[PDB]
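A.B. asks: Chains as they are written, first to last, in this note's numbering: chain Y, 56 to 506; chain Z, 328 to 475; chain P, 2 to 56. Just so you know, even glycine gets a beta-carbon here, dropped at the ideal spot from N, CA and C. Following this message is one structure expressed as structure tokens.
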Amino acid sequence: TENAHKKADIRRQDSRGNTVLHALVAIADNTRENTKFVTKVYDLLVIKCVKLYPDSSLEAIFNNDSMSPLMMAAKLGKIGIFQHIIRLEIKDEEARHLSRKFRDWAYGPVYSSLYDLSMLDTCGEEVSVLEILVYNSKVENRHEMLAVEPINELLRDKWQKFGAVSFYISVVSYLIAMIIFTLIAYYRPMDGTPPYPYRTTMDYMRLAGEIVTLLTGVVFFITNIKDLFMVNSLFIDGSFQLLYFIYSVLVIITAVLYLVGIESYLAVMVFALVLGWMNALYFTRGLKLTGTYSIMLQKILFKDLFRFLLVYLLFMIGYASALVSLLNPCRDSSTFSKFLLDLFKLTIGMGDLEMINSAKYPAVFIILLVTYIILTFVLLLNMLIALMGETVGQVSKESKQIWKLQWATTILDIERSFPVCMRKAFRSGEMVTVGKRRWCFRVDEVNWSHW
Amino acid sequence: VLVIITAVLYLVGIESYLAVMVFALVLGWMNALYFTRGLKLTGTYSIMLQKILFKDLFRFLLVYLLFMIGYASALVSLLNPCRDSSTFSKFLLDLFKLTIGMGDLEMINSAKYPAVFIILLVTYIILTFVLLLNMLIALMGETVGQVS
Amino acid sequence: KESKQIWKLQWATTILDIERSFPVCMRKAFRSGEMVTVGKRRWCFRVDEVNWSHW
């Protein structure tokens, strides 16, 4: 840096557009020794950058991906360089305007620290630190990395302002979807021959409600099966998502049955109406912030019972389609309806069959039915072993990791939902004029030492 | 529960109250078998469990009975012609029998609409089977971390 | 303890049973390790390390 022939420009990038600080982040192995000296060099360079260049700060220079060294440390999952940039308080008094941690007032036992929300909550900027902590970083250390000092309180800021509001809208917006469906059901003409001529304007009004009700079930149906291939118990516990799925299944079944021409759609249609008002009983919990261990369990409960239903129904269709292929003489195209009807009844145990006479081939019907029990009984035990093989070893760690992660994940999805006008309204942090003014955040402390 | 049910039935006018009345009498002398333990002072881990067992099975019964009343009251509303006021007694009687599996029904003929009756009954199993697993997950999601 | 023992054991157990399955001709093909001429040459294996001590 200081020489007599030619100096070294600290601001110089590379072919990757990275400066001297970014290489320090890239080698910052989260160990004992390596987290030590990188904090020494990081303080050394920036002060030297200010002393040689008072106009520009070395942190300001971005990359080919427009990344600060603080922005980069979230990507590569670095902690030691992360916790030092956040806890940045420089004694040099010339590189002071870029210091991060401050001391407001020190009335004895109570210290008033002050962290800047410079890049943590980018209100009207491109991309934030906190967004990369949630949306982009795939490093395991993101559970620890959210447990740094300001972000543990920064996430509690916008949770207190947006959590109670967004939850109450979700309760009302579900009630809107129910009252629509009540007006559909009780105002049906009910002749016995569905569908209907949709020419009456006062019947055209309730016709619009089928667009609202059905497509809401369709969106919930196709996104979750995509989310399976590719349980937010904060608001509503994970038992609701399975139950609302069963609500979603019965709607699209209902939509078929009056388009087939069978007038018995009315039983299923009011059936889901009973559940939907009784699904509202999960709204009475309020809001949950303390993580239990059953939260990770109910994902796998939803993961495999949906697999349990599809392995059921494909087997019932497949075995029914199998038995039609045995029929070499003509057989009739209406037999597959009668195979599948007589096949569902056996699993329940109705015994109201139409084709299959168990008195005809008894020694075969039993040994298929006995093995059908054994197939189903093991798939039930695959549920319990997958739960017992989960609640033992590392559930003591991960259930307090994803719960912290999902709590941070949802509140930023709420943050993306608001427009840019309402974004500036409930913004945390205050303007505190320090130096020779910024949007920093007030943090309280209590300490009995340091006298 | 069986006492207040008993008190209704001889005020309705139905003389079959006598079965339920002596039924709870059998339990009450057999409930005395929990008196033989003595007194417990050492805490086990099942003590906090049995609160949630009582917490949710009471919820499990109310989510049952409100669903049975609600679906029975639903099917009366389908009846646009006159229907009769005594049909709701016959809907609810023929609806309890399906969950047990008596098959002694009076109105609902499963031979009439078989493809609908099954897929409602299959989904009725799936509704009940998950609510049973909500018991076990709430117990397994309790006896691990901080129950110690 | 044991679930992270037999899982390590069975992971090693199966891959050697796969190794017994190939003939002697295909055995030499995907052989790990390299010839590094050391001394006054052998089939050794390269291992990386990272250490900030030892200066």
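Checking 9 Å against the spacing of the C-beta atoms, do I445(Z) and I372(Y) come in under that value?
C.D. replies: Contact: no.
A.B. asks: Give me, in chain order, the residues of the same chain whose beta-carbon lies closer than 8 Å to that of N461(Z); leave out the 5 immediate sequence neighbours on both sides.
C.D. replies: Once the five neighbours on either side are set aside, the close Cβ partners of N461(Z) are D383.
A.B. asks: Is DSSP giving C45(P) helix, strand or coil here?
C.D. replies: Reduced to three states, the DSSP call for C45(P) is strand.
A.B. asks: Mind checking which residues open and close the alpha helix (DSSP H) that includes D407(Y)?
C.D. replies: Run containing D407(Y): none; DSSP gives neither H nor E here.
A.B. asks: Going along the chain, which unbroken runs of the alpha helix (DSSP H) with 4 or more residues stay wholly within the stretch 329-359 of chain Y?
C.D. replies: Listed in chain order, there is nothing to give.
A.B. asks: So which residues on chain Y does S54(P) lean against when the C-beta distance must stay under 8 Å?
C.D. replies: Going along chain Y in sequence order, the residues near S54(P) (Cβ under 8 Å) are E88.
A.B. asks: Give the straight-line distance between the Cα atoms of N191(Y) and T464(Y), rounded to the nearest whole angstrom.
C.D. replies: Their Cα atoms are separated by approximately 11 Å.
A.B. asks: Beta carbons nearer than 9 Å to chain Z: which residues of the stretch 399-412 of chain Y have them?
C.D. replies: Going along the stretch 399-412 of chain Y in chain order, one finds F399, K400, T402, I403, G404, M405, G406, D407, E409 with a Cβ nearer than 9 Å to chain Z.
A.B. asks: Assuming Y166(Y) is part of the alpha helix (DSSP H), what are its boundary residues?
C.D. replies: Segment 165-171 is the beta strand (DSSP E) holding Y166(Y); no alpha helix (DSSP H) there.
A.B. asks: Cβ of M443(Y) less than 9 Å from any chain Z Cβ?
C.D. replies: Closer than 9 Å to some Cβ of chain Z, the Cβ of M443(Y) qualifies, so yes.
A.B. asks: For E20(P), which residues from the same chain have a beta carbon less than 8 Å from its beta carbon, with the 5 sequence-adjacent residues on both sides left out?
C.D. replies: Hits under 8 Å: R28.
A.B. asks: Consider the Cβ of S33(P): report whether some Cβ of chain Y lies at a distance smaller than 9 Å.
C.D. replies: No, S33(P) lies away from the interface with chain Y (no Cβ there is under 9 Å from its Cβ).
A.B. asks: Can you tell me where the alpha helix (DSSP H) with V220(Y) in it begins and where it stops?
C.D. replies: Start and end: 204-240.
A.B. asks: Just to check my reading of the structure: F326(Y) and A401(Z) have Cβ atoms closer than 8 Å, yes? What is that Cβ distance to the nearest angstrom?
C.D. replies: With a Cβ gap of about 7 Å, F326(Y) and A401(Z) count as contacting.
A.B. asks: What did DSSP end up calling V37(P) once you bin it into helix, strand or coil?
C.D. replies: Reduced to three states, the DSSP call for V37(P) is strand.
A.B. asks: Just to confirm, are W458(Y) and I291(Y) a CB contact at a threshold of 9 Å?
C.D. replies: No, Cβ-Cβ distance for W458(Y) and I291(Y) is not below 9 Å.
A.B. asks: Just the C-alpha distance for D69(Y) and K491(Y), rounded to the nearest angstrom, thanks.
C.D. replies: About 33 Å.
A.B. asks: Between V501(Y) and the rest of its own chain, which residues show a CB-CB distance below 8 Å, the 5 nearest in sequence each way excluded?
C.D. replies: Cβ within range, chain order: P164, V165, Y166.
A.B. asks: Alpha carbon to alpha carbon, what distance is there between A219(Y) and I140(Y)?
C.D. replies: Cα to Cα, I140(Y) sits roughly 33 Å from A219(Y).
A.B. asks: Ends of the alpha helix (DSSP H) at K281(Y)?
C.D. replies: That run of the alpha helix (DSSP H) goes 256-284.
A.B. asks: Any C-beta of chain Z sitting closer than 9 Å to the C-beta of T271(Y)?
C.D. replies: Not closer than 9 Å to any Cβ of chain Z, the Cβ of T271(Y) fails to qualify, so no.
A.B. asks: Sort out for me which residues DSSP pairs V474(Z) with in a bridge.
C.D. replies: Bridge partners of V474(Z): none, in fact.
A.B. asks: Quick one: Cα of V323(Y) to Cα of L305(Y), how far?
C.D. replies: Roughly 7 Å separates the two Cα atoms.
A.B. asks: Just verifying my parser: in three-state terms, what is the DSSP assignment at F157(Y)?
C.D. replies: The answer is strand: DSSP assigns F157(Y) an E or B state.
A.B. asks: For a cutoff of 9 Å on Cβ pairs, would you count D292(Y) as touching chain P?
C.D. replies: Output row for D292(Y): interface = no.
A.B. asks: Since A13(P) is in the alpha helix (DSSP H), which residue starts that stretch and which ends it?
C.D. replies: Its alpha helix (DSSP H) spans residues 7-22.
A.B. asks: From which residue to which residue does the alpha helix (DSSP H) around residue 27(Y) run?
C.D. replies: It is not possible to answer for residue 27(Y), since the shown part of chain Y is limited to 56 through 506.
A.B. asks: Can you tell me which of the three DSSP states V501(Y) falls into?
C.D. replies: Strand at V501(Y).
A.B. asks: For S303(Y), report the span of its alpha helix (DSSP H) as first-last.
C.D. replies: Looking at the DSSP string, the run of the alpha helix (DSSP H) that includes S303(Y) is 294-315.
A.B. asks: Determine the chain Y residues that contact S4(P) at a beta-carbon separation under 8 Å, and present them in chain order.
C.D. replies: What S4(P) touches in chain Y: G448.
A.B. asks: Enumerate in chain order the residues of its own chain whose CB-to-CB distance from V226(Y) is below 6 Å, with the five nearest sequence positions on each side excluded.
C.D. replies: Answer for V226(Y): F338, listed in chain order.
A.B. asks: So what's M122(Y) in DSSP terms, helix, strand or just coil?
C.D. replies: Of the three classes helix, strand and coil, the one that applies to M122(Y) here is coil, per DSSP.
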